[PDB]
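In what follows, a structure is listed as structure tokens, so that the remarks can point back to it.
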Amino acid sequence: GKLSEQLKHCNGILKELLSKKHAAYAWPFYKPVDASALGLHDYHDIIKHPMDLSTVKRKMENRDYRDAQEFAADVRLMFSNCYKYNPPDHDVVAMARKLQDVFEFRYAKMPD
Ligand SMILES: COc1cc2c(cc1OC)[C@@H](C)C(=O)N(C)C=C2
């Protein structure tokens with residue numbers, strides 16, 4: 001089916017985002033933001049819907065995503081949270097921009 005084939009492409013992208021190739025800029029997105037550990041006590045007041053690649057991986061593994069659009073919405077939510085919370089000149093935003101470039105260019109190669 002088309003949805004299953006598109007979800008295989010999505011899983012391929014997810015594997016790439018978690019791969020050693022991108023680890024130098026992907027690592028902040030590997031696990032949920034630990035606001036308390038980072039001293040960011042305003043994080044959960046500003047970010048209402050946290051998202052990270054471990055959560056996307058669990059949702060893919062559990063067949064939670066019904067289509068590519070639903071998968072992409074979570075990956076973009078993860079980047080949007082970073083752009084909303086952090087000053088735009090922060091290193092973590094530079095890392096987000098680089099990983100989002102990897103994501104958007106490969107997502108665009110979605111099979112029809
Ligand atoms: C490099 O220091 C930071 C790491 C992280 C974060 C802010 C950091 O410094 C401000 C949070 C808020 C975030 O957006 N992500 C994606 C994860 C980790």
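Ligands are numbered from 1 in the order shown, residues from 1 within each chain, and chains are lettered A, B, ... in the order they appear in the structure tokens.
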Using only C-alpha atoms and all ligand atoms, which protein or nucleic acid residues are at most 12 Å from ligand 1, as a ChimeraX atom specification?
-> /A:24-44,46-47,50-53,75,77-97,99-100
Requested write-out: C-alpha atoms of the selected residues, as an mmCIF file, in the first residue's frame:
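Produced file selection.cif, reproduced below:
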```cif
data_model
loop_
_atom_site.group_PDB
_atom_site.id
_atom_site.type_symbol
_atom_site.label_atom_id
_atom_site.label_comp_id
_atom_site.auth_asym_id
_atom_site.auth_seq_id
_atom_site.Cartn_x
_atom_site.Cartn_y
_atom_site.Cartn_z
ATOM 1 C CA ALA A 24 27.498 15.916 15.953
ATOM 2 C CA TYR A 25 24.283 18.056 15.512
ATOM 3 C CA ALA A 26 21.472 15.433 16.066
ATOM 4 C CA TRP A 27 22.390 14.541 19.698
ATOM 5 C CA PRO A 28 20.245 17.281 21.415
ATOM 6 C CA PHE A 29 17.135 15.706 19.727
ATOM 7 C CA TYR A 30 17.854 12.072 20.806
ATOM 8 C CA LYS A 31 15.864 12.187 24.108
ATOM 9 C CA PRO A 32 13.157 14.407 25.684
ATOM 10 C CA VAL A 33 14.476 17.813 26.866
ATOM 11 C CA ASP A 34 15.280 17.373 30.600
ATOM 12 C CA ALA A 35 14.352 20.966 31.578
ATOM 13 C CA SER A 36 15.132 20.442 35.333
ATOM 14 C CA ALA A 37 18.610 18.921 34.551
ATOM 15 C CA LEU A 38 19.432 21.897 32.201
ATOM 16 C CA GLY A 39 18.062 24.471 34.754
ATOM 17 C CA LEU A 40 15.445 25.592 32.152
ATOM 18 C CA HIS A 41 12.551 25.961 34.664
ATOM 19 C CA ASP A 42 10.396 27.905 32.090
ATOM 20 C CA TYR A 43 10.670 25.198 29.339
ATOM 21 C CA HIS A 44 7.263 23.503 30.019
ATOM 22 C CA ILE A 46 6.705 27.885 26.817
ATOM 23 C CA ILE A 47 6.629 24.395 25.120
ATOM 24 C CA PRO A 50 7.468 18.408 23.808
ATOM 25 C CA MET A 51 8.825 16.129 21.027
ATOM 26 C CA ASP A 52 12.146 14.317 20.388
ATOM 27 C CA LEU A 53 13.471 11.496 18.142
ATOM 28 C CA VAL A 75 9.583 15.895 13.494
ATOM 29 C CA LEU A 77 7.101 20.040 16.103
ATOM 30 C CA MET A 78 10.481 18.967 17.603
ATOM 31 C CA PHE A 79 12.332 21.641 15.497
ATOM 32 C CA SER A 80 9.607 24.314 16.110
ATOM 33 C CA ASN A 81 9.894 23.798 19.921
ATOM 34 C CA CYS A 82 13.667 24.452 19.619
ATOM 35 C CA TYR A 83 13.084 27.639 17.515
ATOM 36 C CA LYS A 84 10.330 28.854 19.937
ATOM 37 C CA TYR A 85 12.258 28.341 23.227
ATOM 38 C CA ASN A 86 15.918 29.174 22.359
ATOM 39 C CA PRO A 87 17.427 32.477 21.143
ATOM 40 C CA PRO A 88 17.927 32.198 17.337
ATOM 41 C CA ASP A 89 21.766 32.675 17.631
ATOM 42 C CA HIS A 90 22.179 29.732 20.128
ATOM 43 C CA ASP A 91 24.326 26.681 19.089
ATOM 44 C CA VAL A 92 21.321 24.331 19.709
ATOM 45 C CA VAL A 93 19.293 26.311 17.081
ATOM 46 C CA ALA A 94 22.242 25.979 14.611
ATOM 47 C CA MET A 95 22.144 22.181 15.293
ATOM 48 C CA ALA A 96 18.298 22.153 14.776
ATOM 49 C CA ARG A 97 18.642 24.047 11.423
ATOM 50 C CA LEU A 99 19.246 18.427 11.202
ATOM 51 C CA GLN A 100 16.061 19.999 9.726
#
```
Please give the complete set of residues from chain A that DSSP, run on the backbone, assigns to alpha helix (DSSP H), formatted as a PyMOL selection string.
-> chain A and resi 2-17+23-26+35-38+43-46+53-61+68-85+91-107
